[PDB]
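> this one is an experimental structure. Sequence first:
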Amino acid sequence: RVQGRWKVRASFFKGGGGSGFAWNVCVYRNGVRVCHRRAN
């Protein structure tokens, strides 16, 4: 169990690293192409 439960390491994000692929993810929502870019 993570003692820092309320901390959440996934909320820190020290970076992506050397690799930088898939900036935008294009999905299809009922025929609509939606390219979401999730970045922190």
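Arrived safely, thanks for sending. Numbers count the residues shown, from 1 in each chain.
> C-alpha from now on. contacts and neighbour counts both.
Noted.
> my guess is residue 24 contacts residue 33. True?
No: with contact defined as Cα atoms under 8 Å, residue 24 does not reach residue 33; the gap is 11.5 Å.
> which parts of the protein are strands?
Remark: strands assigned in the chain by DSSP state E are 25-29, 32-36.
> what residues does the first one touch?
Read that as strand 25-29. By Cα atoms under 8 Å, 6 or more residues apart in numbering, the list of residues contacting strand 25-29 from outside reads 33-37.
> let's have the residues you listed in TSV, adding distance to residue 6.
Output for those, formatted as TSV (distance: Cα to Cα, whole Å):
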residue	distance to residue 6
33	35
34	32
35	31
36	27
37	26
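> relative to residue 19, which of these is nearest.
residue 37 (15.7 Å; Cα to Cα).
> contacting residues for residue 32?
Residue 32 makes no contacts at all, as judged by Cα under 8 Å, 6+ apart.
> mind checking how far it is from residue 26?
For residue 32, the distance to residue 26 under the criterion Cα to Cα, to the nearest Å works out to 10 Å.
> the helices in this protein, which residues?
Remark: helices of the chain are absent; assignment by DSSP state H.
> skipping adjacent residues, who's closest to residue 40 in space?
residue 13 (7.6 Å; Cα to Cα, 6 or more residues apart in numbering).
> the one you found: neighbour count?
Counted by other Cα atoms under 10 Å, the residues lying close to residue 13 total 10.
> now residue 24
Neighbours of residue 24 (other Cα under 10 Å): 12.
> ditto for residue 36
Residues lying near residue 36 (other Cα under 10 Å) number 12.
> sweet, I'm off.
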